[PDB]
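Asks: Sharing a structure with you now.
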Amino acid sequence: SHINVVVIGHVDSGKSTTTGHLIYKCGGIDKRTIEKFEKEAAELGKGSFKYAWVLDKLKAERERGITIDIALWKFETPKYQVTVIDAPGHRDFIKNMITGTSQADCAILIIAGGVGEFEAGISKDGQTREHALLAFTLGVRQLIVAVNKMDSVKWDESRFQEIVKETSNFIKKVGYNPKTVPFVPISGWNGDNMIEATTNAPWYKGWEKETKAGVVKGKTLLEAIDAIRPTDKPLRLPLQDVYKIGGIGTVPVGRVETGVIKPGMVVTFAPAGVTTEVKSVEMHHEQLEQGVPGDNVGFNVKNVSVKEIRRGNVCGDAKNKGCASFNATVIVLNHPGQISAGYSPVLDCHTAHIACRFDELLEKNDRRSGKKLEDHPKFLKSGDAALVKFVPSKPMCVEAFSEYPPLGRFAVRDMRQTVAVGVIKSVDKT
Amino acid sequence: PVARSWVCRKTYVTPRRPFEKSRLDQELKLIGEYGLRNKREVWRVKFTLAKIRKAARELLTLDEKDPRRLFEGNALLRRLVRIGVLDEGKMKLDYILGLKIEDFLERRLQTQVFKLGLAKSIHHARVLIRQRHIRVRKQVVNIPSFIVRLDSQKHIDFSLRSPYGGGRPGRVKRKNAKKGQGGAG
Amino acid sequence: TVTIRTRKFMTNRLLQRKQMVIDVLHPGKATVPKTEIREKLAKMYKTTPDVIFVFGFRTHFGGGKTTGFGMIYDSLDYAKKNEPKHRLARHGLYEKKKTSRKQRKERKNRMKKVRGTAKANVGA
Amino acid sequence: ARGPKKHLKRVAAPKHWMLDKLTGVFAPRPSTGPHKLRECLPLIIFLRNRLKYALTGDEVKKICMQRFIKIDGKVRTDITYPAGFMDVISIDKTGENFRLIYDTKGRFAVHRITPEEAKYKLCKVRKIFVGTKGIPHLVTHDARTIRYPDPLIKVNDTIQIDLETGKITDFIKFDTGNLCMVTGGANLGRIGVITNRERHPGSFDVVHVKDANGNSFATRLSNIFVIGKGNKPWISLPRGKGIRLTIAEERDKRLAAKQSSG
RNA sequence: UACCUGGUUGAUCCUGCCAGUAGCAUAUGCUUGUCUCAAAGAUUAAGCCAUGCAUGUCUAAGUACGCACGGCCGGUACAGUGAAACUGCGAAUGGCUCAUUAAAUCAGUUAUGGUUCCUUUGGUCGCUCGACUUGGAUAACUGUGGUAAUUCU
RNA sequence: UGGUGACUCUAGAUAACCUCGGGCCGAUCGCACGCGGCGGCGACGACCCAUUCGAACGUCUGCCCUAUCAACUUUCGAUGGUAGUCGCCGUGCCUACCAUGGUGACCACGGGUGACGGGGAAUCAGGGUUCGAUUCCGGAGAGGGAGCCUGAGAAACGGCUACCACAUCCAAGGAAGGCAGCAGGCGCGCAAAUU
RNA sequence: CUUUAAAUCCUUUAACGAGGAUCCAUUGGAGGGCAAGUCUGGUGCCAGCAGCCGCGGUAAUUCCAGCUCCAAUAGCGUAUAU
RNA sequence: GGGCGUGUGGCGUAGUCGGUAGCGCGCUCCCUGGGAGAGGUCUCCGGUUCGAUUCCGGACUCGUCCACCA
């Protein structure tokens, strides 16, 4: 089977390094290509980023040493064909982190074990807490915590147990069940305990997590991934990029959130409003008979220009609607001021990136009990929960949370953060 | 090398002067009296008259007793008498020149429906061709430009499948009957 | 009330069958399917309906006449001997290959690259 | 052409095959043999188009290897064999024998011959070849190299071969008073008697031949093929007997048959 | 259907061109109900090409020790299919394009007594004055390898 | 002996020759098998003679514009005589030796061609004018030219060997390429389809 | 059902299926050449029209609109070739 | 989509120690010239702040260029 995994975590926690090295040991990349990246990285004074260079393809990413856009790579496990979605750990690029997490079925939270790094990551200003919250808010119910950089602390057990304890209390407040989350001590740089059990941690007997089939045990991070698809739902493949290949034509690229895409299917592009036939579906330069949930495919479309469709657009089956307005329950997290009617921030629903206006603040409810406190409040502040009517600036496709969960959850952003996250209750379809 | 026809012949000829009053009237008298659909089929029938008249004219330039004039002459007069254009009593090659444009206009099937009196109108006669309401020799003809021959003149009649003939009643009667018993209980 | 007659009946001592041109008279109703033609021709010659292979039908305008042509055999062994392979499957008694023509060639010249016994091993 | 061709077009094929130009792009290329590609008749045409035994060419493929076809003594398996002039095609399972004689036009007439007439064939010699030991030879029109002939067989004599042995029985002199088969050109398909020989030093000679009903004509000797003595042939003739009445009378004859039947 | 009309002048007869008029293609514009047919990267670039594909082939009857199947009647070779490989034959046809070329190509006409010619067909092939069947390679296959890499070995 | 319009044709006789990179003269195969030994259907294999398939060269006649192209061809073959070589063959095809011819006011030679030729298409009273890259025949060529192998048949290109242009992968040592084939892509464009 | 290798379309058969049969035919013109308003208002040698001749300088038969009308009719205009 | 800018009246444009919202054409009115007058979502909200077009953040709008060969 195929599964998607998004790597999230605080900046410099070793996300790209752990991911690039995991892909290497799984045979996803040949040794000579790694040796090339190691030389190029050394020439820029960054020899300690040879594995991150696997994911960082943009010049701006290699120059700053931080991940900016989403990188899609593959490798196989004894049970699944995994597609990793390396998400940026910097605040300015949380938008790309949301469109990448709304895809993944599972999330690997990279936490640095070094002294000072962990505290900075779980701080009120750390992204470790914001990422896990966004992951759970976007649909990712399965979580894997990888305590990276265990080599800097000489694989100290008390330090690992400390990180596991605090992380458990945190993820529990977010909504996750600490018992269903495996904690794996690793070293993204040395490659310790990633695919093979490390000898530097003789105290570590392995992780254990509760599943619907019982208790599963393991030791490595690869085994944690093996211990991890809405194919029955309408097709929803938003675009990440749009390519113009000579001889082939226009080839949009993206990941399949729900449903299945196949050659010959009549698809519709929203908000563009363009319907055409899919000629072929490819996955890493190999043609497929079909793209199921999870596959980051590149499909060729007929009679459609690269100017008619762009990044942010959502593709779907034309035979199996748009949104004029939708009421949704939102929770203000961090907003330095007040949220009044007219406020038009950007909402990240599944992989759609549209600016929606807080048309009307219907009700203000208590975040814990859900009981209504005030009708038609003048404004909202950090900590408040409320039922708000939204109106997208551009055509957008959303569904009720109760009917289609993957398309019913979204994120609100502004003033340096994710000011709110919510679930759609009802939708007024066009 | 692909096996197909690529043989085209235009069945009509547009006139040289397009905007003179004299020729404009005559064809208007031919459309309205014979129920035609455009001016093209006026010149189309005028084109096939120009084919036969020229084929008759050059036969006169060949002198008499010539077998080619004797064969192709008698071959041409064989078809003119079999389609009800020229009578047996005027079977000779000199008479083709005096044959006029309205002469073929009787032998359109549409006129024969207003000639045999089974159409209220010559313009109603074409619709009986269009709606597959009449047949000739147990063969329905959905085209009015069928050139009826002299032999099938007595075989023109309503089709077998026709409400106006011996067939099923039409949709209007099947619709005026469903409320004729559905409104009465 | 569909009555079938004969046209152009001649023997095939060279082909171990008989061939005659089918004429149909179906007034008021549709072109009758080829299955019901066989048993009607079977009782018209008092022979077995399984070797009656009619095809090539063509209606005349307005209906009432459709014109086809078929072949009736001597026995079923010749009916499997001298016949285009598709006419067997038109009854649904023979199953042909299920391989797409491109899939035949894309494998075929891929056996031109490797010399040896591995020609049968490259495919799947 | 960097060598010999292998194909033939449906439009460039000879018209006496009477090939529908709408069915296929190509024509069945006649294999090389005892008769040229012009005056041959490939066996696929004889089965599918003249007698309608088979409907497609692959339905001739199953029947040709059924070994039922006997062209002039031999059983051929190639459908593209050039069955030329007076090749006796006998078919066993019907017991039916056939022979190619021209019509009044240029085409080949579908003629059933009697079994007592199917065992022998007339052939025109091409040259008197002298073999390597003072051994006289002859090549017929169908490429039959016959050794030790009757020495009175000259260049334009016709000889009567038995197919069961491949040997001569009697010969017919090129002399005035003999029946003739005009084979080639505008007079292809006429049967008449020899009237006069016109000599030509250097070019092709011509002989004038009068038809039986006085329709006298001429044709060069290349198309001339004598078949009989006096007024009697040595083979069975199809209807019309090669007289070539003008198109005035075929129209009368055609209407006469439909007015007598109704 | 061998057909003209307007424009020099104050007006006239003329020379006389210009412009209309009817075709036939190529593009293009507006519009578009049915149905049968059917041209379609020639003009500029005989300019440049990704991918894929268009030339292979076995009969009772050239060479079968791949169990890869498979029969048992088995020890007198092989049931028989049979991949591979060897041999034989085709790949010189067909398709595409029109750059060159102005008695050249080509067309009609003939000449080859100035020439070769696979196959087919038909003749030959005990005509010569000395084996109951001769020799040794080699592919497939078994087995060890190279080179980043090829329809390399 | 026999033929042609005319042979140095064919056959015959003779006197010899039999090319070591050699002219043939079964050192095959299968199904039925019946009478020590004799057979049947064939398959296949060849050398030679015809046959067909062609090609190759010749004969005669036929081409578009142009004189601001009137003289050209020529010992670097131009037209011939002689004798060879080469070639499958005739012949300046080439080589030798002699002769001085060969073409042109009947338009040669030269240039242009937005020129593949022809059947043909469009237009027309009659006469013509224009078109014909385009399915039929034939020619010519597969980036540009040159050279060859194999085979009956190629100066072959979905066969090789060079140079020239363009262009692909590399581990930098090398290797490989030819859509004016079916589609398709860019470019060129006023202009032309589905990998 | 038929068609065909398998289809598609054509033809065949049942069911529905138009009253302004709103299931709504355009393209060019309306001074002459050349079939077709001395219609109406705006425009005022301006914008523009028209292949040609020619029209516009305030009552435009030639511009722009509407109404009407004319030719051809699923076609027609325009460009360029002949 | 990565980096840079541009947005303030009908037009295009100023400007702003953070405090008054402009000029020019335009439309209005007055005697091409001059005068007065109408005319603003300072892209947007949220704060910072005694007072925000400015100060901050955010995305936005358009223009710009680097990327982008399933």
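In the structure tokens, the first chain shown is A, the next is B, and so on; residue numbers restart at 1 for each chain, and ligands run from 1 in the order shown.
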Using only C-alpha atoms (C1' of nucleotides), I'd like every residue of chain C that has an atom within 8 Å of chain E; please write them out as a CSV table (one decimal) with C-alpha atoms, in the first residue's frame.
Replies:
chain,number,residue,atom,x,y,z
C,112,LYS,CA,15.8,-7.8,-29.4
C,113,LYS,CA,18.0,-6.1,-26.8
C,114,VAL,CA,18.9,-9.2,-24.8
C,116,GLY,CA,20.1,-15.6,-24.9
C,117,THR,CA,17.6,-17.6,-22.9
C,120,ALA,CA,11.2,-15.3,-22.0
Asks: Show me, as an MDAnalysis selection string, the residues that have an atom within 12 Å of residue 5 of chain H when counting only C-alpha atoms (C1' of nucleotides), minus same-chain residues fewer than 6 positions from it.
Replies: chainID H and resid 62:65
Asks: What are the residues of chain G that have an atom within 12 Å of an atom of chain C, counting only C-alpha atoms (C1' of nucleotides), as a PDB file with N, CA, C and O atoms (P, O5', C5', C4', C3', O3' and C1' of nucleotides), in the first residue's frame?
Replies:
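Saved as result_20.pdb:
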ATOM      1  P     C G   1     -29.194  -6.126 -28.307  1.00  0.00           P
ATOM      2  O5'   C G   1     -29.069  -6.300 -29.883  1.00  0.00           O
ATOM      3  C5'   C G   1     -29.528  -7.487 -30.508  1.00  0.00           C
ATOM      4  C4'   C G   1     -30.267  -7.196 -31.789  1.00  0.00           C
ATOM      5  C3'   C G   1     -29.416  -7.008 -33.033  1.00  0.00           C
ATOM      6  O3'   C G   1     -28.986  -8.231 -33.602  1.00  0.00           O
ATOM      7  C1'   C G   1     -31.057  -5.312 -32.936  1.00  0.00           C
ATOM      8  P     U G   2     -27.438  -8.463 -33.957  1.00  0.00           P
ATOM      9  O5'   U G   2     -27.213  -7.632 -35.295  1.00  0.00           O
ATOM     10  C5'   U G   2     -28.053  -7.813 -36.427  1.00  0.00           C
ATOM     11  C4'   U G   2     -28.070  -6.573 -37.284  1.00  0.00           C
ATOM     12  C3'   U G   2     -26.706  -6.068 -37.726  1.00  0.00           C
ATOM     13  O3'   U G   2     -26.231  -6.733 -38.879  1.00  0.00           O
ATOM     14  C1'   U G   2     -27.965  -4.271 -36.839  1.00  0.00           C
ATOM     15  P     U G   3     -24.816  -7.486 -38.845  1.00  0.00           P
ATOM     16  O5'   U G   3     -23.791  -6.371 -39.324  1.00  0.00           O
ATOM     17  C5'   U G   3     -24.119  -5.501 -40.394  1.00  0.00           C
ATOM     18  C4'   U G   3     -23.466  -4.157 -40.220  1.00  0.00           C
ATOM     19  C3'   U G   3     -21.996  -4.188 -39.843  1.00  0.00           C
ATOM     20  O3'   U G   3     -21.158  -4.375 -40.968  1.00  0.00           O
ATOM     21  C1'   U G   3     -23.151  -2.643 -38.462  1.00  0.00           C
ATOM     22  P     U G   4     -20.481  -5.804 -41.250  1.00  0.00           P
ATOM     23  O5'   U G   4     -18.999  -5.625 -40.712  1.00  0.00           O
ATOM     24  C5'   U G   4     -18.361  -4.363 -40.774  1.00  0.00           C
ATOM     25  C4'   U G   4     -17.495  -4.139 -39.565  1.00  0.00           C
ATOM     26  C3'   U G   4     -16.716  -5.348 -39.085  1.00  0.00           C
ATOM     27  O3'   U G   4     -15.557  -5.601 -39.855  1.00  0.00           O
ATOM     28  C1'   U G   4     -17.712  -4.253 -37.238  1.00  0.00           C
ATOM     29  P     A G   5     -15.087  -7.113 -40.119  1.00  0.00           P
ATOM     30  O5'   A G   5     -14.200  -7.457 -38.844  1.00  0.00           O
ATOM     31  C5'   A G   5     -14.067  -8.795 -38.393  1.00  0.00           C
ATOM     32  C4'   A G   5     -13.418  -8.852 -37.036  1.00  0.00           C
ATOM     33  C3'   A G   5     -14.195  -8.206 -35.900  1.00  0.00           C
ATOM     34  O3'   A G   5     -15.184  -9.074 -35.374  1.00  0.00           O
ATOM     35  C1'   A G   5     -11.908  -7.566 -35.797  1.00  0.00           C
ATOM     36  P     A G   6     -16.613  -8.504 -34.916  1.00  0.00           P
ATOM     37  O5'   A G   6     -16.264  -7.480 -33.752  1.00  0.00           O
ATOM     38  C5'   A G   6     -15.956  -7.951 -32.452  1.00  0.00           C
ATOM     39  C4'   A G   6     -15.574  -6.820 -31.539  1.00  0.00           C
ATOM     40  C3'   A G   6     -16.571  -5.678 -31.451  1.00  0.00           C
ATOM     41  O3'   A G   6     -17.631  -5.955 -30.554  1.00  0.00           O
ATOM     42  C1'   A G   6     -14.393  -4.809 -31.762  1.00  0.00           C
ATOM     43  P     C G  10     -27.082   7.809 -36.760  1.00  0.00           P
ATOM     44  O5'   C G  10     -27.225   7.277 -38.252  1.00  0.00           O
ATOM     45  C5'   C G  10     -27.116   8.172 -39.347  1.00  0.00           C
ATOM     46  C4'   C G  10     -27.046   7.439 -40.662  1.00  0.00           C
ATOM     47  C3'   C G  10     -28.221   6.537 -40.983  1.00  0.00           C
ATOM     48  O3'   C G  10     -29.363   7.242 -41.421  1.00  0.00           O
ATOM     49  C1'   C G  10     -26.211   5.407 -41.477  1.00  0.00           C
ATOM     50  P     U G  11     -30.678   7.259 -40.500  1.00  0.00           P
ATOM     51  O5'   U G  11     -31.528   6.022 -41.027  1.00  0.00           O
ATOM     52  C5'   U G  11     -31.749   5.834 -42.415  1.00  0.00           C
ATOM     53  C4'   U G  11     -31.919   4.376 -42.745  1.00  0.00           C
ATOM     54  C3'   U G  11     -32.952   3.631 -41.921  1.00  0.00           C
ATOM     55  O3'   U G  11     -34.289   3.849 -42.327  1.00  0.00           O
ATOM     56  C1'   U G  11     -30.976   2.374 -41.961  1.00  0.00           C
ATOM     57  P     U G  12     -35.423   4.065 -41.209  1.00  0.00           P
ATOM     58  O5'   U G  12     -35.478   2.670 -40.443  1.00  0.00           O
ATOM     59  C5'   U G  12     -35.890   1.499 -41.123  1.00  0.00           C
ATOM     60  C4'   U G  12     -35.962   0.305 -40.212  1.00  0.00           C
ATOM     61  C3'   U G  12     -36.886   0.419 -39.018  1.00  0.00           C
ATOM     62  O3'   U G  12     -38.257   0.303 -39.346  1.00  0.00           O
ATOM     63  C1'   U G  12     -34.864  -0.564 -38.338  1.00  0.00           C
ATOM     64  P     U G  13     -39.329   1.232 -38.596  1.00  0.00           P
ATOM     65  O5'   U G  13     -39.375   0.652 -37.114  1.00  0.00           O
ATOM     66  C5'   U G  13     -39.793  -0.682 -36.880  1.00  0.00           C
ATOM     67  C4'   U G  13     -39.506  -1.127 -35.469  1.00  0.00           C
ATOM     68  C3'   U G  13     -40.295  -0.450 -34.368  1.00  0.00           C
ATOM     69  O3'   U G  13     -41.622  -0.931 -34.279  1.00  0.00           O
ATOM     70  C1'   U G  13     -38.031  -0.712 -33.706  1.00  0.00           C
ATOM     71  P     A G  14     -42.846   0.101 -34.177  1.00  0.00           P
ATOM     72  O5'   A G  14     -43.119   0.215 -32.615  1.00  0.00           O
ATOM     73  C5'   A G  14     -42.422   1.166 -31.828  1.00  0.00           C
ATOM     74  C4'   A G  14     -42.404   0.775 -30.376  1.00  0.00           C
ATOM     75  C3'   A G  14     -42.545   1.925 -29.393  1.00  0.00           C
ATOM     76  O3'   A G  14     -43.887   2.324 -29.189  1.00  0.00           O
ATOM     77  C1'   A G  14     -40.692   0.638 -28.779  1.00  0.00           C
TER      78        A G  14
END
Asks: For chain B, which residues have at least one atom within 12 Å of chain G, if we go by only C-alpha atoms (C1' of nucleotides)? Write them as a ChimeraX atom specification, please.
Replies: /B:14-15,17-25,37-40,171-172,174-175
Asks: List the neighbours of residue 126 of chain B out to 9 Å using only C-alpha atoms (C1' of nucleotides); skip same-chain residues closer than 3 positions along the sequence, and give me the result as a list in words.
Replies: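 The contact residues come out as residues 35, 109, 110, 111, 113, 119, 121, 122, 123, 129, 130, 131, 143 and 144 of chain B.
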Asks: Which residues are close to residue 195 of chain A, i.e. within 10 Å by only C-alpha atoms (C1' of nucleotides), leaving aside same-chain residues fewer than 3 positions away? Reply as a VMD selection string.
Replies: chain A and resid 22 25 to 26 77 191 to 192 198 219 to 224
Asks: Please produce a file of those selected residues containing C-alpha atoms, as a PDB file, in the first residue's frame.
Replies:
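Generated output (selection_29.pdb):
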ATOM      1  CA  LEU A  22      16.488   8.112   5.514  1.00  0.00           C
ATOM      2  CA  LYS A  25      19.601   4.315   3.395  1.00  0.00           C
ATOM      3  CA  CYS A  26      16.366   3.114   1.759  1.00  0.00           C
ATOM      4  CA  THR A  77       9.462   0.051   3.363  1.00  0.00           C
ATOM      5  CA  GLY A 191      22.001   7.561  10.697  1.00  0.00           C
ATOM      6  CA  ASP A 192      21.551   5.897  14.083  1.00  0.00           C
ATOM      7  CA  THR A 198      21.792   1.607  17.168  1.00  0.00           C
ATOM      8  CA  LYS A 219      13.001  -0.006  17.592  1.00  0.00           C
ATOM      9  CA  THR A 220      13.925   1.928  14.441  1.00  0.00           C
ATOM     10  CA  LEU A 221      12.168   4.851  12.725  1.00  0.00           C
ATOM     11  CA  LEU A 222      11.590   2.702   9.626  1.00  0.00           C
ATOM     12  CA  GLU A 223       9.694   0.161  11.740  1.00  0.00           C
ATOM     13  CA  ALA A 224       7.671   3.059  13.160  1.00  0.00           C
TER      14      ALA A 224
END
Asks: Using only C-alpha atoms (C1' of nucleotides), which residues sit within 10 Å of residue 170 of chain A once same-chain residues fewer than 5 positions away are excluded, as a list in words?
Replies: residues 122, 128, 129, 132, 133, 164, 165, 175, 176 and 178 of chain A
Asks: Create the file for the chosen residues now, containing C-alpha atoms and written as a PDB file, in the first residue's frame.
Replies:
ATOM      1  CA  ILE A 122       8.574  23.614  22.761  1.00  0.00           C
ATOM      2  CA  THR A 128       7.120  22.184  17.517  1.00  0.00           C
ATOM      3  CA  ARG A 129       3.865  23.037  19.321  1.00  0.00           C
ATOM      4  CA  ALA A 132       1.706  19.273  15.943  1.00  0.00           C
ATOM      5  CA  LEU A 133      -1.423  21.377  16.503  1.00  0.00           C
ATOM      6  CA  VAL A 164       9.253  11.908  25.956  1.00  0.00           C
ATOM      7  CA  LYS A 165       7.488  13.019  29.151  1.00  0.00           C
ATOM      8  CA  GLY A 175      -5.677  15.865  20.887  1.00  0.00           C
ATOM      9  CA  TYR A 176      -3.257  12.984  20.292  1.00  0.00           C
ATOM     10  CA  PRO A 178       0.496   9.423  23.758  1.00  0.00           C
TER      11      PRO A 178
END
Asks: Need to verify the contact set: segment 106-109 of chain F, 12 Å, only C-alpha atoms (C1' of nucleotides), exclusion of same-chain residues closer than 6 positions in sequence. Can you return it as an MDAnalysis selection string?
Replies: chainID F and resid 66:67 69:73
Asks: Could you check how far atom CA of residue 32 of chain A sits from atom CA of residue 18 of chain A, in Å to one decimal?
Replies: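 Calculated distance between atom CA of residue 32 of chain A and atom CA of residue 18 of chain A is 18.8 Å.
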Asks: Tell me, counting only C-alpha atoms, for each residue of chain B within 12 Å of chain D, which pair of atoms is nearest and how far apart they are in Å to one decimal, in rows ordered by chain and increasing number, as a tab-separated table.
Replies:
residue	atom	partner	partner_atom	distance
B:1	CA	D:25	CA	6.6
B:2	CA	D:25	CA	6.0
B:3	CA	D:25	CA	5.1
B:4	CA	D:22	CA	6.3
B:5	CA	D:22	CA	7.8
B:6	CA	D:22	CA	11.5
B:66	CA	D:248	CA	11.5
B:67	CA	D:248	CA	7.7
B:68	CA	D:248	CA	9.1
B:69	CA	D:248	CA	11.0
B:70	CA	D:248	CA	8.4
B:71	CA	D:248	CA	6.2
B:72	CA	D:248	CA	9.6
B:73	CA	D:248	CA	11.3
B:74	CA	D:248	CA	9.7
B:75	CA	D:251	CA	9.2
B:78	CA	D:251	CA	11.1
Asks: Take the residues that were just selected and, keeping N, CA and C atoms, output them as a PDB file, in the first residue's frame.
Replies:
ATOM      1  N   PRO B   1      -1.214   6.038 -50.898  1.00  0.00           N
ATOM      2  CA  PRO B   1      -2.163   5.242 -51.680  1.00  0.00           C
ATOM      3  C   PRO B   1      -3.306   4.711 -50.826  1.00  0.00           C
ATOM      4  N   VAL B   2      -4.429   5.424 -50.842  1.00  0.00           N
ATOM      5  CA  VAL B   2      -5.619   5.072 -50.083  1.00  0.00           C
ATOM      6  C   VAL B   2      -6.776   4.978 -51.065  1.00  0.00           C
ATOM      7  N   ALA B   3      -7.582   3.932 -50.921  1.00  0.00           N
ATOM      8  CA  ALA B   3      -8.636   3.620 -51.880  1.00  0.00           C
ATOM      9  C   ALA B   3      -9.888   4.414 -51.526  1.00  0.00           C
ATOM     10  N   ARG B   4     -10.176   5.443 -52.317  1.00  0.00           N
ATOM     11  CA  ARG B   4     -11.387   6.242 -52.164  1.00  0.00           C
ATOM     12  C   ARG B   4     -11.662   6.953 -53.486  1.00  0.00           C
ATOM     13  N   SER B   5     -12.678   7.816 -53.495  1.00  0.00           N
ATOM     14  CA  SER B   5     -13.216   8.318 -54.761  1.00  0.00           C
ATOM     15  C   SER B   5     -12.402   9.477 -55.329  1.00  0.00           C
ATOM     16  N   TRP B   6     -12.352  10.595 -54.602  1.00  0.00           N
ATOM     17  CA  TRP B   6     -11.837  11.890 -55.049  1.00  0.00           C
ATOM     18  C   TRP B   6     -12.448  12.371 -56.359  1.00  0.00           C
ATOM     19  N   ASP B  66     -24.499   7.834 -89.451  1.00  0.00           N
ATOM     20  CA  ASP B  66     -23.347   7.493 -88.624  1.00  0.00           C
ATOM     21  C   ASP B  66     -23.786   6.608 -87.468  1.00  0.00           C
ATOM     22  N   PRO B  67     -23.143   5.458 -87.250  1.00  0.00           N
ATOM     23  CA  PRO B  67     -23.555   4.570 -86.149  1.00  0.00           C
ATOM     24  C   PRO B  67     -23.446   5.208 -84.778  1.00  0.00           C
ATOM     25  N   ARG B  68     -22.430   6.045 -84.566  1.00  0.00           N
ATOM     26  CA  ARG B  68     -22.285   6.752 -83.301  1.00  0.00           C
ATOM     27  C   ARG B  68     -23.448   7.704 -83.073  1.00  0.00           C
ATOM     28  N   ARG B  69     -23.826   8.456 -84.107  1.00  0.00           N
ATOM     29  CA  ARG B  69     -25.052   9.238 -84.042  1.00  0.00           C
ATOM     30  C   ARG B  69     -26.277   8.340 -83.960  1.00  0.00           C
ATOM     31  N   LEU B  70     -26.223   7.163 -84.584  1.00  0.00           N
ATOM     32  CA  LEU B  70     -27.366   6.261 -84.543  1.00  0.00           C
ATOM     33  C   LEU B  70     -27.473   5.563 -83.195  1.00  0.00           C
ATOM     34  N   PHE B  71     -26.341   5.239 -82.571  1.00  0.00           N
ATOM     35  CA  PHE B  71     -26.396   4.583 -81.271  1.00  0.00           C
ATOM     36  C   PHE B  71     -26.670   5.582 -80.156  1.00  0.00           C
ATOM     37  N   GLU B  72     -25.786   6.575 -79.999  1.00  0.00           N
ATOM     38  CA  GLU B  72     -25.913   7.516 -78.889  1.00  0.00           C
ATOM     39  C   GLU B  72     -27.140   8.401 -79.032  1.00  0.00           C
ATOM     40  N   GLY B  73     -27.611   8.603 -80.262  1.00  0.00           N
ATOM     41  CA  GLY B  73     -28.900   9.247 -80.446  1.00  0.00           C
ATOM     42  C   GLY B  73     -30.033   8.409 -79.887  1.00  0.00           C
ATOM     43  N   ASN B  74     -30.133   7.155 -80.335  1.00  0.00           N
ATOM     44  CA  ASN B  74     -31.192   6.277 -79.851  1.00  0.00           C
ATOM     45  C   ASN B  74     -31.010   5.918 -78.386  1.00  0.00           C
ATOM     46  N   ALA B  75     -29.772   5.921 -77.889  1.00  0.00           N
ATOM     47  CA  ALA B  75     -29.560   5.696 -76.465  1.00  0.00           C
ATOM     48  C   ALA B  75     -30.079   6.859 -75.638  1.00  0.00           C
ATOM     49  N   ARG B  78     -33.880   6.859 -75.684  1.00  0.00           N
ATOM     50  CA  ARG B  78     -34.431   5.760 -74.899  1.00  0.00           C
ATOM     51  C   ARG B  78     -34.751   6.201 -73.478  1.00  0.00           C
TER      52      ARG B  78
END
Asks: Near chain A, meaning an atom within 9 Å, which residues of chain F appear when counting only C-alpha atoms (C1' of nucleotides)? Write them as a list in words.
Replies: residues 184, 185, 186 and 195 of chain F
Asks: What does the structure give for the distance between atom CA of residue 58 of chain B and atom CA of residue 99 of chain B, in Å to one decimal?
Replies: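 Interatomic distance here is 15.9 Å.
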Asks: One decimal, Å: what's the distance from atom CA of residue 271 of chain A over to atom CA of residue 92 of chain A, could you say?
Replies: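 A separation of 25.3 Å between them.
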Asks: Residues near residue 348 of chain A, anyone? I mean within 9 Å using only C-alpha atoms (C1' of nucleotides), not counting same-chain ones fewer than 3 positions away, as a list in words.
Replies: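 Using only C-alpha atoms (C1' of nucleotides), the neighbours found are residues 95, 98, 99, 102, 351, 352, 353, 354, 355, 409, 410, 411, 412 and 413 of chain A.
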Asks: For chain D, report every residue with an atom at most 6 Å from chain F (counting only C-alpha atoms (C1' of nucleotides)), formatted as a short mmCIF file (atom, residue, chain, number, x, y, z; two decimals) with C-alpha atoms, in the first residue's frame.
Replies:
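Written output follows (iface.cif):
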data_model
loop_
_atom_site.label_atom_id
_atom_site.label_comp_id
_atom_site.auth_asym_id
_atom_site.auth_seq_id
_atom_site.Cartn_x
_atom_site.Cartn_y
_atom_site.Cartn_z
CA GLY D 3 15.77 -4.21 -57.82
CA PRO D 4 12.63 -6.12 -58.76
CA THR D 32 6.57 -15.03 -62.40
CA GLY D 33 5.80 -17.98 -64.61
CA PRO D 34 5.12 -19.24 -68.13
CA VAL D 130 18.93 -26.52 -81.67
CA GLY D 134 22.03 -31.84 -82.93
CA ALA D 143 7.24 -22.08 -71.66
CA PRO D 201 11.45 -7.14 -93.95
CA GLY D 202 12.58 -5.85 -90.58
#
